[PDB]
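K.L.:
compute the structure for the input listed below.
(chains A, B, C, D, E, F, G, H, I, J, K and L, ligands or ions: 32)
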12 protein chains.
Amino acid sequence: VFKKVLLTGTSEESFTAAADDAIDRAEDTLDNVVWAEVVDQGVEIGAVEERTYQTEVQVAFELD
Amino acid sequence: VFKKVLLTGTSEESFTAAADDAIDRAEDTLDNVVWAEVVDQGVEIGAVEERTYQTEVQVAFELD
Amino acid sequence: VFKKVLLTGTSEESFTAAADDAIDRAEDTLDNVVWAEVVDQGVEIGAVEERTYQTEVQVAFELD
Amino acid sequence: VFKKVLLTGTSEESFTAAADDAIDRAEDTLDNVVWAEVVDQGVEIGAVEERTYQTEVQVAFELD
Amino acid sequence: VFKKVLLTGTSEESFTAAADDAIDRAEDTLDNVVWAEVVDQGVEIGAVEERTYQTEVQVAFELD
Amino acid sequence: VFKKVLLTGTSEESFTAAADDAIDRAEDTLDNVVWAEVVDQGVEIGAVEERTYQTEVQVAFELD
Amino acid sequence: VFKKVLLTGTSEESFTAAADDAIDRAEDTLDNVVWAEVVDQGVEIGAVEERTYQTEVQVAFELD
Amino acid sequence: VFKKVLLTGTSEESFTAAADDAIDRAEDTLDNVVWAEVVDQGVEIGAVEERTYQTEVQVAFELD
Amino acid sequence: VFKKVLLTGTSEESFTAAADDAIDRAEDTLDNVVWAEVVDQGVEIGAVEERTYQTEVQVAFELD
Amino acid sequence: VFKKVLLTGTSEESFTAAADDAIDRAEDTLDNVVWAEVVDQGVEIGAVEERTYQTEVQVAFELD
Amino acid sequence: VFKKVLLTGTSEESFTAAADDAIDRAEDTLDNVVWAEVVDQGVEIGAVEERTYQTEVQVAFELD
Amino acid sequence: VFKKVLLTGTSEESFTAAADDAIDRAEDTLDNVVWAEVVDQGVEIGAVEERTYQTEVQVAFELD
Ligand SMILES: [Cl-]
Ligand SMILES: [Cl-]
Ligand SMILES: [Cl-]
Ligand SMILES: [Cl-]
Ligand SMILES: [Mg+2]
Ligand SMILES: [Mg+2]
Ligand SMILES: [Mg+2]
Ligand SMILES: [Mg+2]
Ligand SMILES: [Mg+2]
Ligand SMILES: [Mg+2]
Ligand SMILES: [Mg+2]
Ligand SMILES: [Mg+2]
Ligand SMILES: [Mg+2]
Ligand SMILES: [Mg+2]
Ligand SMILES: [Mg+2]
Ligand SMILES: [Mg+2]
Ligand SMILES: [Mg+2]
Ligand SMILES: [Mg+2]
Ligand SMILES: [Mg+2]
Ligand SMILES: [Mg+2]
Ligand SMILES: [Mg+2]
Ligand SMILES: [Mg+2]
Ligand SMILES: [Mg+2]
Ligand SMILES: [Mg+2]
Ligand SMILES: [Mg+2]
Ligand SMILES: [Mg+2]
Ligand SMILES: [Mg+2]
Ligand SMILES: [Mg+2]
Ligand code: NA
Ligand code: NA
Ligand code: NA
Ligand code: NA
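P.N.:
Residues are numbered from 1 along each chain as shown, chains lettered A, B, ... in the order given. Ligands and ions are numbered 1, 2, ... in the order given. Okay, here it is:
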C-alpha cells in the first residue's frame, strides 16, 4: 500500500529545486519514499525578498 | 516547505461556515496554518436532521 | 440506485441560499433527496435588477 | 463580443461577499458588466489579522 | 469534520480488490472510516512478477 | 438524438457489478439504452453493513 | 430555478447543426429553453453510412 | 512574451463564425494577434430573437 | 481492441472541416476507423496567410 | 524514454478484464511494456449481444 | 482585489527562465505583482532556430 | 495534419532536461517535429540510484 503526502517545496533557484526541497523534507521523516508527482508550480513575488519558485508534489511512500 | 491536509468541514449555516469548521479543526492541532483552498462543496440532506453544508478544503501549514 | 438532476438555484442573498433554492425545488417534486454536489457558481448582473447569485448543484435522490 | 477579466475579491465575512468585492471593482471601472463565474475560493490565514475569504471570478462585460 | 488520506492499494486480482487493499489498511490504523473515492487506477507490469492492479483512493474518516 | 441520465449503482461485490446495477435500472424504465460512461467510483463504508461499491454512470438512450 | 438535460444531437453536416439537432429536440418537449452549453463533440464513422457529427449539450430550461 | 485575452464572440450562423467574431474584435484593437484557443462554446436561446452561437476563445498576441 | 491516434486537422473553412481533414488522413492509412473525439480547437492567425481553423481529434480504429 | 499508446480493451466480464484485454494486445506487439493507466471506462449495450465493458488505458513501454 | 494577466514567457534555457521572462514583463508595466501560477509549459521546435521553452503563467497583481 | 506521440523523457538533472530527452528521441525517428506540450512531471526515487526527473510531453510532428 502506498500513501501520498501533499507538500509544497520552495527554491530561489528553479522549479526542479523546489520539487527537490519537498522531496528532501519527505525523505527526512518518512521511510521508503518511492516517487513524487508534480501537481502545481508557482512563484511567490510579493511575500519574499527574491522570487521564490514553488513546486507542489504528491510524494508517495510505501507503507510497512 | 508547506504541507496540506484535506479536511471536510460541516455547518448547518453556510458554505463559508463549513470552511471555517475545517480550518478551526486544523488550527486546533497544527501550528502555522497559512491558507486553505476550497476543493468541493456539497449538502447532506439524507443522513442529517437539518441540511448540512459541507466544504472540503486543502489546509496548508508551514513545516518547521 | 441514486439518480441526479442538474439544477441551478438562484438567490439575491448568497451562494448558500442559491444552493438551497435548487434543493428546495428538488424536494418539492422528488422523494428521497439525499445529497447535493455543487458544480458551479456564478452571478447574474446584466439580466436582473439586483445581483443574483446562482449555484448549480447535482441533486441526488434514491430511486424506489 | 464579451471580454472577461480574472479578479480575486476578498472579504472578512464570506465567500459571497468576496465575490461581490471583485464584482464591485469591475463595475467601478468597466461598463456593461453582465455576469461573473466563480473559478476558485480560498482563505488567507497567515498573511492577515482575521481570516480573509477570497473568491476568484471571471467577470464578463460587453464590449462596445 | 472528515479528513482524507490518499492511499494506493494493490491486488493481483482486480481493481475492486486493490481498492479494498487500501481501505483495509486505513481501517487497520484509523477509527471511523466512512467512505472512499476512487481517484486513479493503473496496472504495474514491469516492476512485478504478475500484473498488479492499483487503485488509488481518498479514504475519508470522521475526526473525534 | 441521445439523452443521458446520471445514475449511481451499488453492489456489495464489485465496481463492475455496481455499474450493472445502474444500467439494469435504466433498462427497466427506458427504451433503447445504448451505452454507459463511468464518471465516478466510490465505496460506502460508514452508512452500510458490508462495504458497498458505487459506480456512477451516464447512461445514454436513443430518443424516439 | 433552471434544470439541465444532457442531450447528444447528430448531423451529417456540421458540429453546429448537431448542436441544433439536440436543441430542437429539447424545444419540442420543454418550455422555456434558455441556453445550451457544449460539453463534447465527436464523429461517428463506423456505425453510419456518411460521417455523422455529434455535439453533446447541456440544455438549460427554466422551471415553472 | 505573449499575452492572452479571453473573449466570447457571437454569431447567428455557426460556432466557427462566433470564434471569428471574437478574433476580429481582437484584431481591431491589438497588434500581432497570433493564435486563438477555443475554451467553451454555447448557444443563447432565451435572451435573443434567433439562436446565437457563442464561442469563447483565448486570443494570444505578441507583446512589443 | 481499439487504438487511438491523436491528430490535428486544419482547414481555412471551419472547425468541422478541420476535424474532417484529420479523419481523412487517418482513413488514408488505417483500416477500420470507427470514431473520432474532439479534444481541442484553435485558430492559427500568425503563421498562415488566411486564418486556419484547427481541430484536434482522437481517432479510434479497431485493431485486427 | 517511455512511449504510451492509447488502447481500449473490451470484455464481457469486467472492467479489470477489459483493461487486461488492452494490455495483452500491447504485449503481443511491443517489447518492454511497463505500466498502464486507466483513462476511461464504459459499457457498450446497443452495438453488442451481451453488455461489453470497455476500459481505455494508456499503455507505457520503454523505448530501446 | 487582485487581478491576473495570462502571459506566456519564452527562454532558450529552461521552463523556470521562461516563467521569469513573463514575470519580468509583468513587473515592467504593472505595480504590485504578487504571485504567478504556472498554467502550461511547452517547447517550440519548428518556428525557431534553437528550442524555445515556453511557460504560461497567470500573473497576479494587487489593484489600487 | 499534425500527429502527436506521447513520450516520457527522463533526466538526473532537471524537468527541462527530461523534456529535452523526450524531444531528442522524437527527433531521432521523426521528421518535422514542430512543438511539444508538457502534460505531466514526476520524480522517480525508488526504482533508481539518483532521483530521476520525468517530464511527459505530447510531441507534435507534421505529417507528409
Ligand atoms: Cl490530496
Ligand atoms: Cl450531468
Ligand atoms: Cl484567463
Ligand atoms: Cl493521448
Ligand atoms: Mg540564488
Ligand atoms: Mg497551488
Ligand atoms: Mg441553524
Ligand atoms: Mg466531494
Ligand atoms: Mg435582499
Ligand atoms: Mg455554469
Ligand atoms: Mg467582521
Ligand atoms: Mg487560486
Ligand atoms: Mg492470483
Ligand atoms: Mg496515478
Ligand atoms: Mg457478498
Ligand atoms: Mg461522486
Ligand atoms: Mg449531406
Ligand atoms: Mg462523449
Ligand atoms: Mg442568419
Ligand atoms: Mg462558458
Ligand atoms: Mg476559403
Ligand atoms: Mg491544443
Ligand atoms: Mg460471460
Ligand atoms: Mg471514452
Ligand atoms: Mg543558450
Ligand atoms: Mg498552451
Ligand atoms: Mg548529475
Ligand atoms: Mg504521469
Ligand atoms: Na492529501
Ligand atoms: Na445530467
Ligand atoms: Na484571463
Ligand atoms: Na496518444
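
K.L.:
for the closest residue to chain D within chain A, helix, strand, or coil?
P.N.:
With CB to the nearest CB, the shortest gap between chain A and chain D falls at residue A:47, namely 6.9 Å. In short, each C-beta sits where N, CA and C put it, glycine included. Three-state assignment for residue A:47 (DSSP: H, G, I helix; E, B strand; the rest coil): coil.

K.L.:
measure it to residue D:38 for me?
P.N.:
Per CB to CB, to the nearest Å, residue A:47 is found 25 Å from residue D:38.

K.L.:
quick one, which of the two is more surrounded?
P.N.:
Under the neighbour definition other CB atoms under 10 Å in any protein chain shown, residue A:47 and residue D:38 were set side by side, and residue D:38 has more, 24 against 10.

K.L.:
shouldn't residue A:5 be within a strand?
P.N.:
Yes. With three-state DSSP as the criterion, residue A:5 is assigned to a strand.

K.L.:
verify the stated contact: it with residue B:5.
P.N.:
No. Using CB atoms under 8 Å, residue A:5 is not in contact with residue B:5; the gap is 9.1 Å.

K.L.:
between the two ends of stretch A:23-42, how far is it?
P.N.:
With CA to CA, to the nearest Å applied, stretch A:23-42 spans 17 Å between its terminal residues.

K.L.:
quick one: that stretch near chain D?
P.N.:
No. Stretch A:23-42 lies out of reach of chain D by CB under 8 Å from any CB of the partner chain, never closer than 12.1 Å.

K.L.:
run the chain-centre distance for that stretch.
P.N.:
Between the centre of stretch A:23-42 and the centre of its host chain there is 5 Å, according to CA atoms, centre = their mean, to the nearest Å.

K.L.:
what does chain A put close to chain B?
P.N.:
Residues of chain A lying close to chain B (CB under 8 Å from any CB) are A:5-10, A:21-22, A:25.

K.L.:
between those, which is closest to residue D:56?
P.N.:
residue A:8 (18.8 Å; CB to CB).

K.L.:
what is the helix or strand where the closest one lies packed up against?
P.N.:
Assessed by DSSP states H and E, residue A:8 sits inside strand A:2-11. Counting contacts by 3 or more CB pairs under 8 Å, 6 or more residues apart in numbering or on different chains; DSSP states H and E, strand A:2-11 is packed against helix A:15-29, strand A:33-44, strand A:52-62, strand B:2-11, strand E:2-11.

K.L.:
in the sheet, who's paired with the closest residue to ligand 29 within chain A?
P.N.:
Relative to ligand 29, the nearest point of chain A is residue A:6 (4.4 Å; CB to the ion). With beta bridges defined as DSSP bridges, residue A:6 has these partners: residue A:58, residue B:4.

K.L.:
for it, what are its contacts?
P.N.:
A:39, A:56-59, B:3-4, B:6, B:58, E:6 (CB atoms under 8 Å, 6 or more residues apart in numbering or on different chains).

K.L.:
which of those residues are buried?
P.N.:
When neighbours are counted using 16 or more other CB atoms under 10 Å in any protein chain shown, the contacts of residue A:6 contain these buried positions: A:56-59, B:3-4, B:6, B:58, E:6.

K.L.:
and the residues of chain A next to chain B, which two are furthest apart?
P.N.:
Pairwise over the residues of chain A next to chain B, using CB to CB, the maximum falls at A:5 and A:10, 16.0 Å.
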